[PDB]
């Protein structure tokens, strides 16, 4: 078998290339938010926390991955920290992603209460607590859920380790039942299934609210034709009461409230001539609603449609970032399951283990590109930053 150093050199060179890109791209995300007040909403504070975690992957997690790949002699508990510190950063990324899903769900479901409920100070508090839980969760093995009490005395005497030390290797010190049940199933897979369900409810809601609009818009228009072609005062009365209720459930910013007070006011005039029995004077009064609909109502339809379509396109960009996290991290998780559940399977080869590790660390590079390709405000700020400074 070849000198371990040769394949070892490839792995290191690759891991360092990844760390450079992780730092640069996510530093540029942070610079952008710092610089552009349009980017300084509550959602993007979570985006920033996510970015700071991806920077820390290049600054610390990747240097740790290189170290533990050597099996150098180390005191067990210090070896656990080198091995698990990435689990803290990964857990903080999940919390951050989960908070974004909820933040956007609160914006689609209750737009009118969003600003008083999701504030910057509350977000700061959430981010501060999620980082505290991430250290707790990601370093649980250090509290005694570890194989430190079972040292591999073959490996440790070969390496020449001393009194208290172990050959520092991930699968030798981190119990695989912590990795599968606690880290994967509970702390990664369940949160990602939640985010899946949140983003589903976001899209149903926007799809619901949209059809409610288009369905309110035809209620307004259809009932016009009823009036136009009626012959007794009563058909008009029945047709008008439907628009009125439709015009207020749509109503459910002083130009918008003047437009609908022109509209309902007209409806309430045609409803009075109808109730009085004047049939033609009610059809002609109800024809004055065309002027209001062309001047005011169509314009709330098109504007209410844009904001909903813009929320959908925005939640789709954020759903992609949750997909890439999963795409990138599931291989390393799925191999742990095989190692743990299939004792009669051969262990996955070394080359695949470090290919799945390298894959997991590339997730720290992709988010900056997603923002740039999918978010105008981020792309335009990236260009200003680059164009000017470099």
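Numbering follows the first chain given and starts at 1.
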*Take the C-alpha B-factors listed in the entry for 343 to 351 and for 324 to 332, compute each mean, and give the stretch with the larger one.*
343 to 351
*Got a sec? Mean C-alpha B-factor, which is higher, 168 to 176 or 283 to 291?*
283 to 291
*Top Cα B factor in the deposited entry, candidates 297, 126, 73, 193*: 297
_Looking at the C-alpha B-factor values in the deposited entry, which of 262, 83, 315, 136 comes out highest?_
262
*residue 271's Cα B-factor: lowest, middle or highest third of the chain?*
highest
_Among the modelled residues of this chain, does the Cα B factor of residue 251 put it in the lowest, middle or highest third?_
highest
_Within-chain third of residue 147 by Cα B-factor, per the entry_ = middle
_Where the record places residue 90 (Cα B-factor, split into thirds across the chain)_ = lowest
*Would you mind checking where the Cα B-factor of residue 184 ranks among the modelled residues of its chain, as the lowest, middle or highest third?*
lowest
